[PDB]
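Asker: here is the input, now give the coordinates:
(chains A, B, C and D, ligands or ions: 8)
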Amino acid sequence: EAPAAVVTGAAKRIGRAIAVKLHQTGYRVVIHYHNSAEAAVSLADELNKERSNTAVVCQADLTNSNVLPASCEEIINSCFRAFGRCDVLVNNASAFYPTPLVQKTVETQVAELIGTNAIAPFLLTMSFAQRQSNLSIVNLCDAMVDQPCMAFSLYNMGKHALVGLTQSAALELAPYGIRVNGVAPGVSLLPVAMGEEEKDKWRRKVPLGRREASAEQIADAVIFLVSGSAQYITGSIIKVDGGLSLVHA
Amino acid sequence: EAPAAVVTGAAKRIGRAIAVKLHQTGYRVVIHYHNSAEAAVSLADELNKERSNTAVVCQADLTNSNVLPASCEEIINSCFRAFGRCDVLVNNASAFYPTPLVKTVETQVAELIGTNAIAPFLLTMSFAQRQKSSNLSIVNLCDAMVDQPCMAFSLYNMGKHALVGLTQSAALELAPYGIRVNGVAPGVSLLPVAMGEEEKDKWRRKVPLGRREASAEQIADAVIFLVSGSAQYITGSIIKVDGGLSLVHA
Amino acid sequence: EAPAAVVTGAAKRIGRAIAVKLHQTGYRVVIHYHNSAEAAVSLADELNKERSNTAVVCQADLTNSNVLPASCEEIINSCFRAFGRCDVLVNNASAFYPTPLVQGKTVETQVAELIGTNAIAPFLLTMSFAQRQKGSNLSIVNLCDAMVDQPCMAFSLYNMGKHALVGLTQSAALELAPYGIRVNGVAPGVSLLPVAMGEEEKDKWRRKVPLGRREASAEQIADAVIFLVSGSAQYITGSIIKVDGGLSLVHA
Amino acid sequence: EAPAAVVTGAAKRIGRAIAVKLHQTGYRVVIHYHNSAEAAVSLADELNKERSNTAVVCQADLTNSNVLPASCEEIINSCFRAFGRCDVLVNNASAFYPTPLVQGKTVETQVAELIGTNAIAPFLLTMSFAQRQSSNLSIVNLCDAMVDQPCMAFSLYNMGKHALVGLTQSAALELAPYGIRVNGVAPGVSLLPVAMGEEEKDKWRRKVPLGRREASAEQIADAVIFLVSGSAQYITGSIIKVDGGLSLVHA
Ligand SMILES: NC(=O)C1=CN([C@@H]2O[C@H](COP(=O)(O)OP(=O)(O)OC[C@H]3O[C@@H](n4cnc5c(N)ncnc54)[C@H](OP(=O)(O)O)[C@@H]3O)[C@@H](O)[C@H]2O)C=CC1
Ligand SMILES: NC(=O)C1=CN([C@@H]2O[C@H](COP(=O)(O)OP(=O)(O)OC[C@H]3O[C@@H](n4cnc5c(N)ncnc54)[C@H](OP(=O)(O)O)[C@@H]3O)[C@@H](O)[C@H]2O)C=CC1
Ligand SMILES: NC(=O)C1=CN([C@@H]2O[C@H](COP(=O)(O)OP(=O)(O)OC[C@H]3O[C@@H](n4cnc5c(N)ncnc54)[C@H](OP(=O)(O)O)[C@@H]3O)[C@@H](O)[C@H]2O)C=CC1
Ligand SMILES: NC(=O)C1=CN([C@@H]2O[C@H](COP(=O)(O)OP(=O)(O)OC[C@H]3O[C@@H](n4cnc5c(N)ncnc54)[C@H](OP(=O)(O)O)[C@@H]3O)[C@@H](O)[C@H]2O)C=CC1
Ligand SMILES: Nc1nnc(CCC(=O)c2cccs2)s1
Ligand SMILES: Nc1nnc(CCC(=O)c2cccs2)s1
Ligand SMILES: Nc1nnc(CCC(=O)c2cccs2)s1
Ligand SMILES: Nc1nnc(CCC(=O)c2cccs2)s1
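Answerer: Numbering: from 1, shown residues only, chains lettered A, B, ... in the order given. Ligands and ions are numbered 1, 2, ... in the order given. Next comes the structure:
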């Protein structure tokens, strides 16, 4: 019987490459999504075409709120409903936009940025552990977390909290055989709304190849941390940044 | 004329020693509190006995919610109403209790992330918005043990990591306005009120420097340095005040 | 042809496991040794039995001295002589012992061994490795220490060398990236405990490890090395992977 | 009686600023120097005309060698000879220049100077400081805030400053029981090298978020003075960045 993984924000970009690569490794997958319904459903079809009954979709808003715990419990519950087990959780979903200190309500910006990047991962980790071989969690962190983008306070706080969670849950879940690690991209797939000139400005800064990471290169690191080659690894965060975080201003 | 500071959770313990030390240095002070009204008022009276009209109190719950932004705006406003200015913000208030992975979880999230992280972000926003030979700065009370966390304190540890993030992010963003943003990071200081001496001792014995916890006044000393003219080039720094505790392996 | 790797201190323990696992992945290997000749040759014998002329040995003291540059240039040249290429360098050799601040080697000898092996030799080997490609998956892996910020009592010099090694890892990652040479680290917590250590003291450390109350096997350390040199890590440089079972996360 | 401090590389720039501010705080000072004999004697002269018998100079090469231990032992002995005590050691002296990995002095010499001045000498001075020991004893190591975002082709210099972080933490741990605190001060850009042209100076100035300017030597000395003071009696193994946000700025 094949293991199963939840990947949050799996319909597009990095999360999709992660779900595809896990599926290629033999995992059954829950493709969580928020708005990208048609892409998620299309991805599940593609994966079910390759090996039937190996992929389902699962819709959830991961904004912070009083019902977020129920939503997170449901994501994990859906893996058991589909596959009777849940071996891997990948915390990938993330809101990302500026929140300047000096000038959507601030209430909403806090809920979305802290919710998706930190609180939902925490609640998913809780539900993962409570519902419980080679069990592990991978959190998508940020290699630039100590050299953050200007005016991205709330986002930076979320990713910083995600580091805290990675370490805290590694320590706490170790006695249950659950490993908790992170993969930290620098620049990978650049945001759709970012202009081409700004994209080339970031590309030029990467020491290794003057280019961004492909989604697949990020996924490769995830695959390593969930595999048998990482059985002793927990609380570790692997930068996949082409040296970007090493470059001074 | 005298600068003014806001200290959150200033009724007791570390917050109180910080408020007392800032006042002795010549600052007028907003003593913010949540439940400790009698202690906040007593401190205010003591300080006002030293120099008239130099201390006020301000009550607010710093738990995350829809009203939190308004409460934080109000805390900062109280300093302007009382003193006409606000030169220093000290984010000290903090909830601290275990949240094991395996009182509702949404309230734990609201309390632990609210007090330790979101409230400080909101207060920083409001502090800076109102400033848009002056030495403006913010001190965030962090945790020296943030990368070697207490077992089953994930939410608290997440709040404190977030606070490091804010410290760095706000330092970068507010530097053009000449607002410095720094942190003080205790290891073990004033231990929980009722903790047995045998348990207190277990922690004291781990501290390389003197086998004792930090006094609130020693934590306060580092805050005083960071708000002073001797730290005018220091921003985004987090000073550990831990007697070497974070350096000790398991 | 097959890629070629240099592993320093590869005769025993963690270096042996790294050299073995690299050999099993298809690398030809230079087994460097200082005092462990018998061990290095018997590993080469075992590897060459699997695939003929894929393993050679190379002797050198990695202590800091006026001749260290020459010895490091020769370790790297041994790879080019044997195999015609050098694709991977694993800086594994390490001296490890206490150097108390407050009180039969002299202190200047302790400096030469602890800083030489853990930091200077890695730097010189990195330099020679890079120069011999100055005129396709090139990388260096440095054996670091997960406990570097919570150091063993009275191990100042050792700890200085492992800190220096982090610096080397980052500086060389930055400088060599335009040459397509990646530079990373693997950081064990408690793996194979030293032969010198008493059994009760071994169990003391084993008990502190969150993940399974046991030390890392040498092969688990080697697994992270294999990952870092592989095509699955083509965008990774200046990274240091802890392989410590969560030990570094545990407070006093 | 007045406390006494050793400051390495104290003839000029940041080390001088540190020596001056410790002297203004009431310390007697040992002004260590290597080549800057004239400027060292001149500083000692200025300080002694402020208070008699409160400054001495001490010559020493801090390049790594088999004699370096005796040299460092003698620096410490010189403070006890002049002043009868040694309360503070400041590790300030530092060689700084490129060592490209891919292509002057020999590589042996570069290792000896860059690792010796930045790491080995601080280690041996710490050893001798501790061995020779109301009281407020401490050591301050001049580190680098850009240690994890290093200057291109400065491997050996960066290895040394990294090693200095290791020593700061290792010594803090080991000397705590003796009541000796060990901390660091990490500048980003302070006094730029005299060799650097004004255009490259401004380039570096422009990058600093706080004021678009380098730290003054006095601003560095302030943080040193705090760490040696009674306001820091619980602080050990801490490295204070004095960098105006420089290390926080992405590429
Ligand atoms: N791209 C890069 O260069 C970098 C990425 N990272 C991290 O790696 C991970 C993946 O990156 P990337 O693919 O760019 O991520 P994206 O920014 O593309 O976001 C991925 C998914 O997050 C989901 N999401 C956003 N808001 C919510 C919400 N409120 N509730 C539920 N889901 C939500 C969205 O799903 P939907 O489309 O279904 O609505 C989105 O597709 C993230 O954690 C990111 O922070 C870190 C550094 C750099
Ligand atoms: N003490 C130590 O050893 C350590 C302390 N620290 C940090 O140093 C700082 C001060 O420490 P310490 O004195 O122990 O702090 P305490 O735990 O004593 O808490 C300080 C004050 O926080 C306020 N507070 C708690 N919850 C709320 C809330 N929901 N809304 C508003 N205020 C609230 C309380 O005010 P009220 O009484 O008026 O209700 C409390 O008195 C904290 O940030 C702490 O995390 C870090 C490591 C160790
Ligand atoms: N073992 C563990 O738990 C931990 C290991 N590490 C790092 O992992 C790596 C491997 O660890 P481990 O296998 O225990 O290493 P060892 O301590 O067993 O040393 C490995 C080899 O280093 C070589 N060596 C020692 N001194 C010299 C010298 N002066 N010149 C040349 N070679 C020398 C020796 O070769 P020979 O026998 O041929 O003379 C020795 O066999 C090391 O870098 C270590 O620092 C980090 C943390 C923990
Ligand atoms: N300046 C800056 O922007 C930064 C400085 N720092 C650190 O702060 C500290 C002070 O900086 P700065 O004033 O610029 O230092 P300098 O570069 O001016 O060096 C200070 C002194 O180091 C001494 N020195 C050099 N080589 C030797 C040697 N072989 N033996 C003995 N002494 C030697 C020299 O003494 P003499 O003249 O007597 O021969 C020199 O005057 C240093 O540790 C530096 O690395 C860190 C980051 C940035
Ligand atoms: N959820 C997301 N997090 N980060 C994203 C893109 C990151 C990005 O655009 C840059 C990162 C560093 C310089 S630019 S999407
Ligand atoms: N808000 C608070 N944060 N930390 C507090 C007390 C710290 C404490 O008891 C210990 C911290 C680490 C070992 S014991 S109160
Ligand atoms: N060269 C070596 N480096 N580290 C070695 C053994 C590691 C070891 O015993 C411990 C390291 C940290 C706690 S115990 S050998
Ligand atoms: N001993 C010394 N160390 N650092 C010195 C000057 C540092 C310097 O010029 C810069 C550091 C980072 C950008 S420019 S002298």
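Asker: leaving out sequence neighbours, find the closest residue to the residue in chain A sticking out farthest from the centre.
Answerer: Residue farthest from the centre of chain A, counting by Cα atoms, centre = their mean, is residue A:103 at 30.6 Å. Using Cβ to Cβ, 6 or more residues apart in numbering or on different chains and skipping residues adjacent in sequence, the residue nearest residue A:103 is residue B:129, 7.2 Å away. From N, CA and C alone the C-beta is placed, and that goes for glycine too.
Asker: please look at the one you found and residue A:102 and confirm they touch.
Answerer: Yes - between residue B:129 and residue A:102 there is a contact under Cβ atoms under 8 Å: 5.9 Å.
Asker: now residue A:231. Its backbone dihedrals?
Answerer: Main-chain dihedrals, residue A:231, degrees, to the nearest 10: phi -60, psi -20.
Asker: again but with residue A:32, I slipped
Answerer: phi -80, psi 140.
Asker: near ligand 5, anything from stretch A:84-91?
Answerer: No - applying Cβ under 6 Å from any ligand atom, one finds stretch A:84-91 out of contact with ligand 5, separated by at least 11.6 Å.
Asker: and the contacts of that stretch?
Answerer: Contacts to stretch A:84-91, defined as Cβ atoms under 8 Å, 6 or more residues apart in numbering or on different chains, come from residues A:1, A:3-8, A:10, A:15, A:18, A:22, A:27, A:76, A:79-80, A:120-121, A:124-125, A:128, A:131-140, A:162, A:222, A:226.
Asker: just the buried members of those residues?
Answerer: A:3-8, A:10, A:15, A:18, A:22, A:27, A:76, A:79, A:120-121, A:124-125, A:128, A:132, A:135-140, A:162, A:222, A:226 (16 or more other Cβ atoms under 10 Å in any protein chain shown).
Asker: what is the orientation angle of the longest helix along chain A with helix B:154-174?
Answerer: Selection of the longest helix in chain A by residue count, based on DSSP state H, yields helix A:153-173. Put simply, helix A:153-173 runs at 150 degrees to helix B:154-174, going by axes from the mean of the first three to the mean of the last three Cα atoms, to 10 degrees.
Asker: which ones are touching the spatially most central residue of chain A?
Answerer: The centroid of chain A falls nearest to residue A:92 when counting by Cα atoms, centre = their mean (1.4 Å). Contact analysis of residue A:92 by Cβ under 8 Å, 6+ apart lists A:7-10, A:14-15, A:18, A:140.
Asker: before we move on, back to that, mind giving me the packing neighbours of the helix or strand that comes right after the longest helix of chain A?
Answerer: Following helix A:153-173 in sequence order, the next helix or strand is strand A:178-185 (DSSP states H and E). Here strand A:178-185 touches helix A:120-130, strand A:135-140, helix A:153-173, helix A:215-226, strand A:237-240, going by 3 or more Cβ pairs under 8 Å, 6 or more residues apart in numbering or on different chains; DSSP states H and E.
Asker: can the helix or strand just after strand A:178-185 be found next to ligand 1?
Answerer: Counting by DSSP H and E, the next helix or strand C-terminal to strand A:178-185 is helix A:196-203. No - contact between helix A:196-203 and ligand 1 is absent, the nearest approach being 8.5 Å (criterion: Cβ under 6 Å from any ligand atom).
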